[PDB]
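First comes one chain, alone, set out as structure tokens in the form deposited in one PDB entry.
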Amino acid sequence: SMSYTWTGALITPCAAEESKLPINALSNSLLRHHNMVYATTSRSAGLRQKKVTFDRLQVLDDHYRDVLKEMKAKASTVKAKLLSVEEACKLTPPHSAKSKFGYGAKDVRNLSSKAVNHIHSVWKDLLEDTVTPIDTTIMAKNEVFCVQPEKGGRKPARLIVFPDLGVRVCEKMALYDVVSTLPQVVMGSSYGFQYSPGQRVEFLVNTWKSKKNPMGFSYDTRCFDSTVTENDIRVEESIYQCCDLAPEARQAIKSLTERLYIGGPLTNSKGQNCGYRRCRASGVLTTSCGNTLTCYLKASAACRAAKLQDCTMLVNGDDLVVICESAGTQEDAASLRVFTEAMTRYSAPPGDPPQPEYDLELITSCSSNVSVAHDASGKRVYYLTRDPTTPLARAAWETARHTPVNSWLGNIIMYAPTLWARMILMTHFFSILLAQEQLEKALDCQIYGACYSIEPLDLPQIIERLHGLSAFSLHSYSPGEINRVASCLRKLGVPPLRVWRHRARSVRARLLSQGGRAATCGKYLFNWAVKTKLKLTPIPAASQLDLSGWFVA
């Protein structure tokens, strides 16, 4: 079936959409080439519609069936609980889109009677009706990028699809505990979301080291969400139903699958019918868990089809990276084409065709590659980095305009051991927070679908917990990583690393003068900036840390 059909009514904005970086004093000190930075608007939604609209052909085989049987057997060991309305209300993110039935997220979290009893009515309707498609809103997403003269051109807006707030709370009732617990049982060490960056780089490196003769590849599915078929979503459902579930959870999971997850009508911000979806919606509770299960099932079956030896999968939503034993040069190239043919029959055709790699640092996965530095002892330490272009473009944008979501903060947390997050992002934003006197103010950040409220003053213990103490002493980064950063700063008109070192010495001194947590920030986050280093010891609060958040679905 077609992933989408369209009526021709437009995907419309609801807020005023800005596309260009504005004139700013603080922003210009980050990057000068402001004209290289753009934000996607609804005006490019038509171009995205074309990319994501296509017929899916899907043919399944015994390898696919065998893998599924094994997954269902694991899933049969999981017991999940049905949350009450009130419990699911408390798990709703603070800034979630308001209901069209006259209450918003703040009312849901407060357990407002109008909100609670509406959700009860939505639940009752899911129990009685397993068929009628549930309405969804389609919106163009506004995201910031930098122009790439080498790439094809400017990226079109992504499209998001989400049901009403009351339906979103019912999803948590039925499925929050399942999406929380089932994937790690079914997929074990292949399940990507159980890992911090320290733990994911450790798993990738040790998986690579464990092979007699390693080969790996990333596999990039073209428009993964659109390749997910109604059958895939029902197969997903059949996995979930293997859990030990309350009878009302079983019924609501069936209804949510048939009425929402497999597809339904799309409504724009003006309330016009835009069309119909028969693939994955980006804004439902099961999208990360379902995409990870589906990608793992297809990949695992395809590994058996291609006869890859000892193939270790690492799956994070639609992100797939596979590390296996090489069968030799020619045999690996052939086997990866057969892997790709099997993924294609399963309706997961590649964007870029995959290629075997024999150096772990050459694989890109979760937009990131493994790189090497040295800790305070001189020991080799592996960590994940990425091209800093997009983080820096978005950082420039968030400096100039007020944004509800702070990509700079999520990038500091996920890329803390990197040369660029330490030298530029930490120095630049701590300088801003000091001058605004906002060091204590909690900020929202979103990381791969989970939302957190983070005070910048707690970054040292958060980084230690996610990365280890070495994240504050890394030095002697690789020439290729230094060159990539240096080159990106010249391209964007960002001051060179030597300028940041000087700005960081000043930020660091001013933090130390404040004592308390600010001084701990100056001591740990900026020990790299000073000639004579302080002795950095494990932070006490790094053990006792609430690293939990909310799903934004």
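Numbering starts at 1 and follows the sequence shown.
Separately, the form deposited with a small molecule bound exists; it is not shown, and the next lines address it.
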query: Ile482: touches the small molecule in the deposited bound form, heavy atom cutoff 4.5 angstroms; finding: yes
query: Distance check, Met423 to the small molecule in the deposited bound form, heavy atom within 4.5 Å; finding: yes
query: Interface membership of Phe54, the small molecule in the deposited bound form, 4.5 Å heavy atom rule; finding: no
query: In the deposited bound form, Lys441 touching the small molecule (heavy atom, 4.5 Å); finding: no
query: The small molecule in the deposited bound form: contacting segment from 61 to 69, 483 to 491, 510 to 518, 38 to 46, heavy atom within 4.5 Å; finding: 483 to 491
query: Single option in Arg401, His95, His475, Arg380 placed near the small molecule in the deposited bound form, where near means a heavy atom within 4.5 Å; finding: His475
query: Option touching the small molecule, based on a heavy atom within 4.5 Å in the deposited bound form, out of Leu159, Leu419, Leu392, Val321; finding: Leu419
